[PDB]
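Engineer: Sharing data_0.pdb below, PDB, C-alpha atoms:
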MODEL        1
ATOM      1  CA  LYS A   1       0.000   0.000   0.000  1.00  0.00           C
ATOM      2  CA  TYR A   2       1.771   3.176  -1.088  1.00  0.00           C
ATOM      3  CA  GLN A   3       4.639   1.011  -2.085  1.00  0.00           C
ATOM      4  CA  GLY A   4       5.382   3.664  -4.661  1.00  0.00           C
ATOM      5  CA  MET A   5       6.001   6.572  -2.341  1.00  0.00           C
ATOM      6  CA  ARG A   6       7.611   4.342   0.273  1.00  0.00           C
ATOM      7  CA  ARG A   7      10.188   2.997  -2.109  1.00  0.00           C
ATOM      8  CA  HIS A   8      10.827   6.447  -3.573  1.00  0.00           C
ATOM      9  CA  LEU A   9      11.674   7.862  -0.144  1.00  0.00           C
ATOM     10  CA  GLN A  10      13.841   4.888   0.846  1.00  0.00           C
ATOM     11  CA  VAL A  11      15.897   5.463  -2.292  1.00  0.00           C
ATOM     12  CA  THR A  12      16.046   9.271  -2.214  1.00  0.00           C
ATOM     13  CA  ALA A  13      16.918   9.446   1.475  1.00  0.00           C
ATOM     14  CA  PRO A  14      18.092   5.967   2.567  1.00  0.00           C
ATOM     15  CA  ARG A  15      19.467   7.117   5.923  1.00  0.00           C
ATOM     16  CA  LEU A  16      16.456   9.162   6.987  1.00  0.00           C
ATOM     17  CA  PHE A  17      14.110   6.329   5.953  1.00  0.00           C
ATOM     18  CA  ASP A  18      16.142   3.336   7.027  1.00  0.00           C
ATOM     19  CA  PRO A  19      13.430   1.215   8.660  1.00  0.00           C
ATOM     20  CA  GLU A  20      16.341  -0.378  10.531  1.00  0.00           C
ATOM     21  CA  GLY A  21      18.790   1.157  12.985  1.00  0.00           C
ATOM     22  CA  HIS A  22      18.202   3.376  15.990  1.00  0.00           C
ATOM     23  CA  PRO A  23      16.024   6.414  16.649  1.00  0.00           C
ATOM     24  CA  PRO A  24      17.748   9.680  17.465  1.00  0.00           C
ATOM     25  CA  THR A  25      17.928  10.504  21.171  1.00  0.00           C
ATOM     26  CA  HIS A  26      15.714  13.569  20.802  1.00  0.00           C
ATOM     27  CA  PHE A  27      13.408  14.904  18.146  1.00  0.00           C
ATOM     28  CA  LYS A  28      14.086  18.628  18.130  1.00  0.00           C
ATOM     29  CA  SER A  29      12.393  19.300  14.768  1.00  0.00           C
ATOM     30  CA  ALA A  30       9.496  18.307  12.529  1.00  0.00           C
ATOM     31  CA  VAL A  31       7.749  19.117   9.290  1.00  0.00           C
ATOM     32  CA  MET A  32       4.074  19.928   9.413  1.00  0.00           C
ATOM     33  CA  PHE A  33       2.462  18.729   6.213  1.00  0.00           C
ATOM     34  CA  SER A  34      -0.904  20.354   5.528  1.00  0.00           C
ATOM     35  CA  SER A  35      -3.650  20.096   2.944  1.00  0.00           C
ATOM     36  CA  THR A  36      -7.406  20.376   2.476  1.00  0.00           C
ATOM     37  CA  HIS A  37      -7.382  16.721   1.355  1.00  0.00           C
ATOM     38  CA  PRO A  38      -7.152  14.417   4.384  1.00  0.00           C
ATOM     39  CA  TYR A  39      -6.872  11.270   2.207  1.00  0.00           C
ATOM     40  CA  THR A  40      -3.566  12.533   0.812  1.00  0.00           C
ATOM     41  CA  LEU A  41      -2.104  13.412   4.197  1.00  0.00           C
ATOM     42  CA  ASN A  42      -3.139   9.962   5.342  1.00  0.00           C
ATOM     43  CA  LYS A  43      -1.064   8.518   2.532  1.00  0.00           C
ATOM     44  CA  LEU A  44       1.817  10.559   3.965  1.00  0.00           C
ATOM     45  CA  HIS A  45       1.105   9.295   7.484  1.00  0.00           C
ATOM     46  CA  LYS A  46       1.516   5.749   6.211  1.00  0.00           C
ATOM     47  CA  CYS A  47       4.632   6.417   4.135  1.00  0.00           C
ATOM     48  CA  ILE A  48       6.561   8.857   6.310  1.00  0.00           C
ATOM     49  CA  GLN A  49       7.569   6.413   9.039  1.00  0.00           C
ATOM     50  CA  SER A  50      10.947   4.924   9.972  1.00  0.00           C
ATOM     51  CA  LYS A  51      13.505   4.752  12.775  1.00  0.00           C
ATOM     52  CA  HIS A  52      14.483   8.375  12.182  1.00  0.00           C
ATOM     53  CA  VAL A  53      11.142   9.920  11.247  1.00  0.00           C
ATOM     54  CA  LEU A  54       7.920   9.479  13.170  1.00  0.00           C
ATOM     55  CA  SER A  55       4.628  10.899  11.956  1.00  0.00           C
ATOM     56  CA  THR A  56       1.405  11.623  13.787  1.00  0.00           C
ATOM     57  CA  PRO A  57      -1.990  10.614  12.458  1.00  0.00           C
ATOM     58  CA  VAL A  58      -3.824  13.227  10.409  1.00  0.00           C
ATOM     59  CA  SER A  59      -5.748  15.806  12.428  1.00  0.00           C
ATOM     60  CA  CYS A  60      -7.246  19.270  11.741  1.00  0.00           C
ATOM     61  CA  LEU A  61      -6.132  22.853  12.188  1.00  0.00           C
ATOM     62  CA  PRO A  62      -8.572  25.181  13.958  1.00  0.00           C
ATOM     63  CA  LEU A  63     -10.506  27.713  11.893  1.00  0.00           C
ATOM     64  CA  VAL A  64      -9.367  31.309  12.216  1.00  0.00           C
ATOM     65  CA  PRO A  65     -12.191  33.616  13.270  1.00  0.00           C
ATOM     66  CA  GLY A  66     -12.918  36.458  10.867  1.00  0.00           C
ATOM     67  CA  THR A  67     -12.001  34.509   7.767  1.00  0.00           C
ATOM     68  CA  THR A  68     -14.401  32.635   5.514  1.00  0.00           C
ATOM     69  CA  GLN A  69     -12.589  29.333   5.211  1.00  0.00           C
ATOM     70  CA  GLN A  70     -14.711  27.013   3.154  1.00  0.00           C
ATOM     71  CA  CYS A  71     -12.802  23.975   4.170  1.00  0.00           C
ATOM     72  CA  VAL A  72     -10.855  22.391   6.977  1.00  0.00           C
ATOM     73  CA  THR A  73      -7.103  22.335   6.563  1.00  0.00           C
ATOM     74  CA  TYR A  74      -5.766  19.015   7.802  1.00  0.00           C
ATOM     75  CA  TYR A  75      -2.194  18.418   8.946  1.00  0.00           C
ATOM     76  CA  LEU A  76       0.237  15.934  10.377  1.00  0.00           C
ATOM     77  CA  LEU A  77       3.658  16.265  11.989  1.00  0.00           C
ATOM     78  CA  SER A  78       6.732  14.274  11.037  1.00  0.00           C
ATOM     79  CA  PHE A  79       9.270  14.386  13.819  1.00  0.00           C
ATOM     80  CA  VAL A  80      12.985  14.253  13.092  1.00  0.00           C
ATOM     81  CA  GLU A  81      16.239  14.710  14.997  1.00  0.00           C
ATOM     82  CA  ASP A  82      17.066  18.290  14.027  1.00  0.00           C
ATOM     83  CA  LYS A  83      16.854  21.212  11.580  1.00  0.00           C
ATOM     84  CA  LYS A  84      19.187  19.480   9.029  1.00  0.00           C
ATOM     85  CA  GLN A  85      16.931  16.431   8.820  1.00  0.00           C
ATOM     86  CA  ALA A  86      13.749  18.523   8.694  1.00  0.00           C
ATOM     87  CA  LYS A  87      14.970  20.554   5.719  1.00  0.00           C
ATOM     88  CA  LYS A  88      15.818  17.346   3.921  1.00  0.00           C
ATOM     89  CA  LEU A  89      12.509  15.603   4.709  1.00  0.00           C
ATOM     90  CA  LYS A  90      10.546  18.570   3.455  1.00  0.00           C
ATOM     91  CA  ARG A  91      12.614  18.752   0.265  1.00  0.00           C
ATOM     92  CA  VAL A  92      12.150  15.071  -0.639  1.00  0.00           C
ATOM     93  CA  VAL A  93       8.464  14.733   0.284  1.00  0.00           C
ATOM     94  CA  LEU A  94       7.541  17.939  -1.547  1.00  0.00           C
ATOM     95  CA  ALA A  95       9.505  17.080  -4.698  1.00  0.00           C
ATOM     96  CA  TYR A  96       7.265  14.061  -4.933  1.00  0.00           C
ATOM     97  CA  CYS A  97       4.059  15.833  -3.986  1.00  0.00           C
ATOM     98  CA  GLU A  98       4.769  18.640  -6.429  1.00  0.00           C
ATOM     99  CA  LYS A  99       3.984  16.233  -9.213  1.00  0.00           C
ATOM    100  CA  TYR A 100       1.450  13.880  -7.637  1.00  0.00           C
ATOM    101  CA  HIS A 101      -0.058  15.876  -4.731  1.00  0.00           C
ATOM    102  CA  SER A 102       0.000  19.613  -5.356  1.00  0.00           C
ATOM    103  CA  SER A 103      -2.439  20.240  -2.482  1.00  0.00           C
ATOM    104  CA  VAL A 104       0.354  19.481  -0.012  1.00  0.00           C
ATOM    105  CA  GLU A 105       2.389  22.099   1.827  1.00  0.00           C
ATOM    106  CA  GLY A 106       5.204  21.630   4.317  1.00  0.00           C
ATOM    107  CA  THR A 107       6.333  23.915   7.111  1.00  0.00           C
ATOM    108  CA  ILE A 108       9.495  23.522   9.164  1.00  0.00           C
ATOM    109  CA  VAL A 109       8.802  23.421  12.905  1.00  0.00           C
ATOM    110  CA  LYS A 110      11.053  23.342  15.968  1.00  0.00           C
ATOM    111  CA  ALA A 111      10.642  22.567  19.685  1.00  0.00           C
ATOM    112  CA  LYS A 112      12.551  23.789  22.759  1.00  0.00           C
ATOM    113  CA  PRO A 113      14.199  21.788  24.055  1.00  0.00           C
ATOM    114  CA  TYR A 114      12.636  19.042  21.873  1.00  0.00           C
ATOM    115  CA  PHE A 115       9.337  17.308  21.222  1.00  0.00           C
ATOM    116  CA  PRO A 116       7.798  15.318  24.038  1.00  0.00           C
ATOM    117  CA  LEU A 117       8.510  11.817  22.800  1.00  0.00           C
ATOM    118  CA  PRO A 118       9.983   9.268  25.242  1.00  0.00           C
ATOM    119  CA  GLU A 119      13.701   8.558  25.242  1.00  0.00           C
TER     120      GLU A 119
ATOM    121  CA  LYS B   1     -21.012  25.774  30.217  1.00  0.00           C
ATOM    122  CA  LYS B   2     -18.622  22.951  31.039  1.00  0.00           C
ATOM    123  CA  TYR B   3     -15.132  23.654  32.249  1.00  0.00           C
ATOM    124  CA  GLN B   4     -16.496  27.083  33.079  1.00  0.00           C
ATOM    125  CA  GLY B   5     -14.019  27.038  35.956  1.00  0.00           C
ATOM    126  CA  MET B   6     -10.864  26.611  33.926  1.00  0.00           C
ATOM    127  CA  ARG B   7     -12.215  29.008  31.277  1.00  0.00           C
ATOM    128  CA  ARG B   8     -12.893  31.815  33.713  1.00  0.00           C
ATOM    129  CA  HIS B   9      -9.537  31.221  35.337  1.00  0.00           C
ATOM    130  CA  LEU B  10      -7.669  31.652  32.062  1.00  0.00           C
ATOM    131  CA  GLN B  11      -9.548  34.826  31.096  1.00  0.00           C
ATOM    132  CA  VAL B  12      -8.997  36.520  34.445  1.00  0.00           C
ATOM    133  CA  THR B  13      -5.359  35.453  34.581  1.00  0.00           C
ATOM    134  CA  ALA B  14      -4.530  36.567  31.033  1.00  0.00           C
ATOM    135  CA  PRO B  15      -7.302  38.884  29.712  1.00  0.00           C
ATOM    136  CA  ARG B  16      -5.769  39.990  26.394  1.00  0.00           C
ATOM    137  CA  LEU B  17      -4.583  36.505  25.447  1.00  0.00           C
ATOM    138  CA  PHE B  18      -7.949  34.877  26.251  1.00  0.00           C
ATOM    139  CA  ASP B  19     -10.271  37.715  25.288  1.00  0.00           C
ATOM    140  CA  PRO B  20     -13.086  35.963  23.384  1.00  0.00           C
ATOM    141  CA  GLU B  21     -13.541  39.144  21.329  1.00  0.00           C
ATOM    142  CA  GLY B  22     -11.043  41.230  19.377  1.00  0.00           C
ATOM    143  CA  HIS B  23      -9.010  40.335  16.291  1.00  0.00           C
ATOM    144  CA  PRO B  24      -6.796  37.315  15.726  1.00  0.00           C
ATOM    145  CA  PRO B  25      -3.195  38.083  14.920  1.00  0.00           C
ATOM    146  CA  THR B  26      -2.198  38.232  11.271  1.00  0.00           C
ATOM    147  CA  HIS B  27       0.120  35.232  11.586  1.00  0.00           C
ATOM    148  CA  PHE B  28       0.677  32.491  14.155  1.00  0.00           C
ATOM    149  CA  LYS B  29       4.439  31.976  14.435  1.00  0.00           C
ATOM    150  CA  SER B  30       4.311  29.918  17.637  1.00  0.00           C
ATOM    151  CA  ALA B  31       2.356  27.354  19.582  1.00  0.00           C
ATOM    152  CA  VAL B  32       2.409  25.322  22.732  1.00  0.00           C
ATOM    153  CA  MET B  33       2.143  21.576  22.460  1.00  0.00           C
ATOM    154  CA  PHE B  34       0.279  20.319  25.504  1.00  0.00           C
ATOM    155  CA  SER B  35       0.672  16.575  25.963  1.00  0.00           C
ATOM    156  CA  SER B  36      -0.418  13.866  28.366  1.00  0.00           C
ATOM    157  CA  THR B  37      -1.238  10.150  28.528  1.00  0.00           C
ATOM    158  CA  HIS B  38      -4.737  11.121  29.669  1.00  0.00           C
ATOM    159  CA  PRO B  39      -6.909  11.982  26.655  1.00  0.00           C
ATOM    160  CA  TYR B  40      -9.862  13.176  28.765  1.00  0.00           C
ATOM    161  CA  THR B  41      -7.785  15.922  30.326  1.00  0.00           C
ATOM    162  CA  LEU B  42      -6.608  17.081  26.900  1.00  0.00           C
ATOM    163  CA  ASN B  43     -10.240  17.175  25.712  1.00  0.00           C
ATOM    164  CA  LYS B  44     -10.794  19.606  28.584  1.00  0.00           C
ATOM    165  CA  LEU B  45      -7.842  21.759  27.480  1.00  0.00           C
ATOM    166  CA  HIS B  46      -9.118  21.625  23.930  1.00  0.00           C
ATOM    167  CA  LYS B  47     -12.489  23.171  24.783  1.00  0.00           C
ATOM    168  CA  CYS B  48     -10.776  25.644  27.170  1.00  0.00           C
ATOM    169  CA  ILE B  49      -7.642  26.931  25.384  1.00  0.00           C
ATOM    170  CA  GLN B  50      -9.561  28.877  22.755  1.00  0.00           C
ATOM    171  CA  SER B  51      -9.995  32.580  22.040  1.00  0.00           C
ATOM    172  CA  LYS B  52      -9.361  35.216  19.401  1.00  0.00           C
ATOM    173  CA  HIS B  53      -5.613  34.992  20.030  1.00  0.00           C
ATOM    174  CA  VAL B  54      -5.229  31.312  20.937  1.00  0.00           C
ATOM    175  CA  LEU B  55      -6.477  28.546  18.667  1.00  0.00           C
ATOM    176  CA  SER B  56      -6.201  24.888  19.587  1.00  0.00           C
ATOM    177  CA  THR B  57      -6.364  21.755  17.498  1.00  0.00           C
ATOM    178  CA  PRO B  58      -8.431  18.754  18.511  1.00  0.00           C
ATOM    179  CA  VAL B  59      -6.661  16.108  20.563  1.00  0.00           C
ATOM    180  CA  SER B  60      -4.490  13.692  18.554  1.00  0.00           C
ATOM    181  CA  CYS B  61      -1.771  11.098  19.323  1.00  0.00           C
ATOM    182  CA  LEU B  62       2.003  11.212  19.188  1.00  0.00           C
ATOM    183  CA  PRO B  63       3.683   8.331  17.379  1.00  0.00           C
ATOM    184  CA  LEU B  64       5.372   5.648  19.465  1.00  0.00           C
ATOM    185  CA  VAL B  65       9.161   5.650  19.518  1.00  0.00           C
ATOM    186  CA  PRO B  66      10.582   2.283  18.392  1.00  0.00           C
ATOM    187  CA  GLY B  67      12.461   0.394  21.102  1.00  0.00           C
ATOM    188  CA  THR B  68      11.321   2.108  24.286  1.00  0.00           C
ATOM    189  CA  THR B  69       9.473   1.272  27.484  1.00  0.00           C
ATOM    190  CA  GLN B  70       6.113   3.077  27.488  1.00  0.00           C
ATOM    191  CA  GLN B  71       3.375   1.005  25.830  1.00  0.00           C
ATOM    192  CA  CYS B  72       1.273   4.022  26.627  1.00  0.00           C
ATOM    193  CA  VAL B  73       0.173   6.377  23.935  1.00  0.00           C
ATOM    194  CA  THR B  74       0.884  10.029  24.566  1.00  0.00           C
ATOM    195  CA  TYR B  75      -1.818  12.409  23.372  1.00  0.00           C
ATOM    196  CA  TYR B  76      -1.272  16.052  22.413  1.00  0.00           C
ATOM    197  CA  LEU B  77      -2.815  19.195  21.056  1.00  0.00           C
ATOM    198  CA  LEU B  78      -1.392  22.406  19.661  1.00  0.00           C
ATOM    199  CA  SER B  79      -2.433  25.868  20.785  1.00  0.00           C
ATOM    200  CA  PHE B  80      -1.393  28.442  18.225  1.00  0.00           C
ATOM    201  CA  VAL B  81      -0.451  32.011  19.176  1.00  0.00           C
ATOM    202  CA  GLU B  82       1.101  35.051  17.532  1.00  0.00           C
ATOM    203  CA  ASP B  83       4.706  34.606  18.716  1.00  0.00           C
ATOM    204  CA  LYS B  84       7.334  33.509  21.252  1.00  0.00           C
ATOM    205  CA  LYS B  85       6.154  36.074  23.855  1.00  0.00           C
ATOM    206  CA  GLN B  86       2.548  34.887  23.730  1.00  0.00           C
ATOM    207  CA  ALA B  87       3.633  31.236  23.756  1.00  0.00           C
ATOM    208  CA  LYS B  88       5.760  31.774  26.882  1.00  0.00           C
ATOM    209  CA  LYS B  89       2.755  33.453  28.570  1.00  0.00           C
ATOM    210  CA  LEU B  90       0.258  30.790  27.477  1.00  0.00           C
ATOM    211  CA  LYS B  91       2.454  27.988  28.732  1.00  0.00           C
ATOM    212  CA  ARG B  92       2.987  29.702  32.084  1.00  0.00           C
ATOM    213  CA  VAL B  93      -0.709  30.257  32.741  1.00  0.00           C
ATOM    214  CA  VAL B  94      -1.977  26.875  31.611  1.00  0.00           C
ATOM    215  CA  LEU B  95       0.697  24.981  33.555  1.00  0.00           C
ATOM    216  CA  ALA B  96       0.229  26.976  36.759  1.00  0.00           C
ATOM    217  CA  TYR B  97      -3.366  25.733  36.725  1.00  0.00           C
ATOM    218  CA  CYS B  98      -2.465  22.140  35.695  1.00  0.00           C
ATOM    219  CA  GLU B  99       0.350  21.911  38.222  1.00  0.00           C
ATOM    220  CA  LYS B 100      -2.391  21.762  40.872  1.00  0.00           C
ATOM    221  CA  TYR B 101      -5.277  20.157  38.996  1.00  0.00           C
ATOM    222  CA  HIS B 102      -3.719  18.175  36.117  1.00  0.00           C
ATOM    223  CA  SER B 103      -0.222  16.999  36.972  1.00  0.00           C
ATOM    224  CA  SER B 104      -0.197  14.694  33.918  1.00  0.00           C
ATOM    225  CA  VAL B 105      -0.031  17.657  31.538  1.00  0.00           C
ATOM    226  CA  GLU B 106       3.194  18.890  29.932  1.00  0.00           C
ATOM    227  CA  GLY B 107       3.781  21.959  27.779  1.00  0.00           C
ATOM    228  CA  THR B 108       6.368  22.476  25.039  1.00  0.00           C
ATOM    229  CA  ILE B 109       7.138  25.714  23.205  1.00  0.00           C
ATOM    230  CA  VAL B 110       7.090  25.295  19.412  1.00  0.00           C
ATOM    231  CA  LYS B 111       8.024  27.716  16.623  1.00  0.00           C
ATOM    232  CA  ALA B 112       7.296  27.596  12.842  1.00  0.00           C
ATOM    233  CA  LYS B 113       9.330  29.131  10.000  1.00  0.00           C
ATOM    234  CA  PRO B 114       7.877  31.511   8.778  1.00  0.00           C
ATOM    235  CA  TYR B 115       4.621  30.770  10.640  1.00  0.00           C
ATOM    236  CA  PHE B 116       2.055  28.004  10.889  1.00  0.00           C
ATOM    237  CA  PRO B 117      -0.070  27.305   7.787  1.00  0.00           C
ATOM    238  CA  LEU B 118      -3.268  28.963   9.005  1.00  0.00           C
ATOM    239  CA  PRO B 119      -5.097  31.372   6.646  1.00  0.00           C
ATOM    240  CA  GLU B 120      -4.840  35.152   6.710  1.00  0.00           C
ATOM    241  CA  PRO B 121      -7.700  37.678   7.019  1.00  0.00           C
TER     242      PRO B 121
ENDMDL
END
Kindly transcribe the structure held in the file into structure tokens.
Structural biologist:
Amino acid sequence: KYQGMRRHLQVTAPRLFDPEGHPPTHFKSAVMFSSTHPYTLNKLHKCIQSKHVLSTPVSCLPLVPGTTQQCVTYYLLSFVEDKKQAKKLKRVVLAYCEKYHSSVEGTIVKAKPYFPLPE
Amino acid sequence: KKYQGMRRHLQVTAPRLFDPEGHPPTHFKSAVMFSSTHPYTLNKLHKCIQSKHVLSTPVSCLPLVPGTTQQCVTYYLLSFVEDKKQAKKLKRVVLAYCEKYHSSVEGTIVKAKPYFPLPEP
């Protein structure tokens, strides 16, 4: 399921997507991927998983009062070790999506001191 | 309504931040991730940490970290605010309350470059 994207990522970024090896000690960064199409983000939730990248399920952003949004913007977070890895993850995922999922946007995110995942 | 207590607390403690009227900021550059293994508590925070200047997501789950000793899902939500100042304030207020009434809750300052992908008015 999503073999296509999975294999693409494993090839384009073998280290980041090595399903084998050891998680980083802390996840200081992430990429928020957002889109009005939850089905697409769900594809990403399935594909963007490894030892070095952990992704939340798809959820929703809150509506901003005083705008006329016609549609919920969904999102997920993909946690990675640091800023280097986040830049890379965003680059690779979006190169793909640019052709096959243009509804998808990515935003670099950072936590102090790091995201609250166990050690 | 429900959680009237926590709501009133937040608005008295930080009036501008939790003013239910006014104008949202133009961009939300920061947020606080509030997390906990208790989803019911985070549902409370979800209905409560809302205003014109603070917007919170529904409760979701963090992914499990391979090869660790928890076997307990950790839930979270994000509360978006204008910037680092407002995030520091929001975290302080919410956690002063929770420190007494919800010791399971943690707060983490988060920042987005250039800002979080919420629309603009």
Engineer: For chain B versus chain A, which residues have an atom no more than 8 Å away, and what is each residue's nearest atom pair and distance in Å rounded to one decimal, using all atoms listed in the file, chain-then-number order, as CSV?
Structural biologist:
residue,atom,partner,partner_atom,distance
B:23,CA,A:66,CA,7.7
B:24,CA,A:65,CA,7.0
B:35,CA,A:116,CA,7.5
B:52,CA,A:65,CA,6.9
B:55,CA,A:62,CA,6.2
B:56,CA,A:62,CA,6.1
B:57,CA,A:62,CA,5.4
B:58,CA,A:60,CA,6.9
B:60,CA,A:59,CA,6.6
B:61,CA,A:56,CA,6.4
B:62,CA,A:56,CA,5.4
B:63,CA,A:56,CA,5.4
B:64,CA,A:117,CA,7.7
B:65,CA,A:118,CA,6.8
B:66,CA,A:51,CA,6.8
B:68,CA,A:119,CA,6.9
B:70,CA,A:118,CA,7.6
B:108,CA,A:112,CA,6.7
B:109,CA,A:112,CA,5.8
B:110,CA,A:111,CA,4.5
B:111,CA,A:110,CA,5.4
B:112,CA,A:109,CA,4.4
B:113,CA,A:108,CA,5.7
B:114,CA,A:107,CA,7.9
B:115,CA,A:107,CA,7.9
B:116,CA,A:107,CA,7.0
B:117,CA,A:107,CA,7.3
B:118,CA,A:64,CA,7.3
B:119,CA,A:64,CA,7.0
B:120,CA,A:67,CA,7.3
B:121,CA,A:67,CA,5.4
Engineer: Can you measure atom CA of residue B:51 to atom CA of residue B:17 for me? One decimal in Å is fine.
Structural biologist: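 For atom CA of residue B:51 relative to atom CA of residue B:17, the distance reads 7.5 Å.
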Engineer: For atom CA of residue B:44 and atom CA of residue B:3, determine how far apart the two atoms are, in Å to one decimal place.
Structural biologist: 7.0 Å
Engineer: Do a neighbour search on stretch 4-14 of chain A at 10 Å with only C-alpha atoms, toss out local chain neighbours closer than 3 positions, and write the hits as a list in words.
Structural biologist: residues 1, 17, 18, 19, 43, 44, 46, 47, 48, 49, 50, 88, 89, 92, 93, 96 and 97 of chain A
Engineer: Write out the residues from the selection above, keeping C-alpha atoms, as a CSV table (one decimal), keeping the file's coordinate frame.
Structural biologist:
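Output (result_19.csv):
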chain,number,residue,atom,x,y,z
A,1,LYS,CA,0.0,0.0,0.0
A,17,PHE,CA,14.1,6.3,6.0
A,18,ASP,CA,16.1,3.3,7.0
A,19,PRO,CA,13.4,1.2,8.7
A,43,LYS,CA,-1.1,8.5,2.5
A,44,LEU,CA,1.8,10.6,4.0
A,46,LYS,CA,1.5,5.7,6.2
A,47,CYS,CA,4.6,6.4,4.1
A,48,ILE,CA,6.6,8.9,6.3
A,49,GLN,CA,7.6,6.4,9.0
A,50,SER,CA,10.9,4.9,10.0
A,88,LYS,CA,15.8,17.3,3.9
A,89,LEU,CA,12.5,15.6,4.7
A,92,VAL,CA,12.2,15.1,-0.6
A,93,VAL,CA,8.5,14.7,0.3
A,96,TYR,CA,7.3,14.1,-4.9
A,97,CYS,CA,4.1,15.8,-4.0
Engineer: Counting all atoms listed in the file, which residue out of B:32, B:50, B:81, B:88 sits closest to residue B:8?
Structural biologist: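 Among the listed residues, the smallest separation from residue B:8 belongs to B:50.
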Engineer: Pull out every residue that the PyMOL selection byres ((chain B and resi 96) around 12) matches in the shown coordinates and put them as a PyMOL selection string.
Structural biologist: chain B and resi 6+9-10+13+89-95+97-103+105-107
Engineer: Could you tell me how far atom CA of residue B:42 lies from atom CA of residue B:59, in Å and to one decimal?
Structural biologist: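 So the two atoms, atom CA of residue B:42 and atom CA of residue B:59, lie 6.4 Å apart.
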Engineer: Would you pick out the contacts of residue B:36 at 6 Å or less, using only C-alpha atoms, so that residues sharing its chain but fewer than 5 positions from it are not included, and give the list as a ChimeraX atom specification?
Structural biologist: /B:74-75,104-105
Engineer: Can you write just those residues out, C-alpha atoms, as a PDB file, keeping the file's coordinate frame?
Structural biologist:
ATOM      1  CA  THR B  74       0.884  10.029  24.566  1.00  0.00           C
ATOM      2  CA  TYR B  75      -1.818  12.409  23.372  1.00  0.00           C
ATOM      3  CA  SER B 104      -0.197  14.694  33.918  1.00  0.00           C
ATOM      4  CA  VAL B 105      -0.031  17.657  31.538  1.00  0.00           C
TER       5      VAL B 105
END
Engineer: I want to know what sits within 10 Å of residue B:16, based on all atoms listed in the file, with residues of the same chain fewer than 4 positions away left out; could you give that as a list in words?
Structural biologist: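 What passes the distance filter is residues 11, 12, 20, 21, 22, 51, 52 and 53 of chain B.
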Engineer: Considering all atoms listed in the file, can you say which of A:25, A:36, A:85, A:3 comes closest to residue A:72?
Structural biologist: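 Smallest distance to residue A:72 is found for A:36.
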